[PDB]
Structure formats: structure tokens, C-alpha cells
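One chain comes next, on its own, written out as C-alpha cells in the form deposited in one PDB entry.
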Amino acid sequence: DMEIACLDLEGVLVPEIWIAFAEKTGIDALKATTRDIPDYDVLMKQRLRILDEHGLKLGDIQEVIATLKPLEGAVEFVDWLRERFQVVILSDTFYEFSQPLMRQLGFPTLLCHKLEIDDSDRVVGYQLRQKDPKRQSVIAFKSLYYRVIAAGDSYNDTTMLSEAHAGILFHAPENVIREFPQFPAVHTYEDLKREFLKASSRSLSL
């Protein structure tokens, strides 16, 4: 039985993108997080406004993001996984922010959200694809009779891990590991590989 391997993106294969981008620009106002502004829509509108006040159009943003690299060992891990499973990346970021990083991973299929860009290359809005997108994606693959094995690093990955046939926690905080013991928790790509092997119904080699 061929399985689909669903991987979260940020914190699993690449650094948290917005935060790294903000740090690279040196603009303190771009660094607010959900802790500073809990309402996600309010946080996003602010980000768009500050980006515009500083003249950072999409091209400028992607230029900065292109200097980021996948986490050490992530490139080999994705290659390893693609020799054994059909690989799909699920992410709560936007196509426009992830692109320079996806390129470095060989553009594996990515299901995430999308920014609204005007004719002057300005980021003017955003669109969330649907509610609980990672979980709904797993459901879609189950509709095609696939067994799904998923891996993620945060609480925002737990509905995906719960929906999959097998879930694995990677670099997760103790807060999550303790609450979701049904998911093996590891923090090295080698151990992550081993968990995918144990979760598979097929006999695969390391």
C-alpha cells in the first residue's frame, strides 16, 4: 500500500518564514507576532500596511526570503522521503512567501494559502484557502483511498496528525508532546525517517 506522506513546512523543513524575513529587514515594526496582536486578520492588515510604508513590494520580499535556506538536513530528508512515498507539503503560510524556499526543495506539491498582489507588485490582501486546511487536505487524500502518514511541529498541525492514519511530532514543544502521546515525538531527521518506516505498512529500508 503506497501512502502519501504529508509534511508541515515551517519548523519541519524550513525556518519560520515571516519571523526570519522580518529579522532580515531590520524593521522593528515588522516583528509583531500573534502575541502582540492575537487577532490574525488585524495582524495581517498591519503587516501589509507596514510593508507598504516601507516600500517592500512582493519582489523585494521574495528577494529577502530567497536568502533563507531549508533547515540543515531537510533537503536530503525530502529526497529520501520521495523515494518511498508520494510527498505533499501542507502549510499555513502563503505561496508567495514560500516560493523561494520550495524551489530549494525541488518544488514538491504544496497546499497552502495565497496573497493578493496588485498590478504594482504590492501585497494588498490575503486569502485563506479554507478552514482547517491541513486536516481537510488529509481528508481529500483519504477520499482517493490513500493511507496518509503526517508529520508536524506545532499545535496547529494536530488536527492533521489526528486525521492521518499515523502522525509524528517533529521538534514539537513539550506542551504538545504531553497532550498528544499517540504521536511519536522525535527531533532529528534520522529519527523522523525511522518513524515513517515504522508507520508504513510496507517494508522500506532506511
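Throughout, rigid core stands for the largest set of C-alpha atoms superposing within 1.5 Å between the two forms. Residue numbers run from 1 along the displayed sequence.
As for the form deposited in another entry, it is not shown, yet the points below apply to it.
With the rigid core aligned between this form and the one not shown, the listed residues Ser162, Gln62, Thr33, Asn156 include just one Cα displaced by at least 2 Å, namely that of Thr33.
After superposition on the rigid core, the Cα of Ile139 moves by less than 2 Å between this form and the one not shown. Remark: with the core as the superposition reference, the CA shift of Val42 between this form and the one not shown reaches 2 Å or more.
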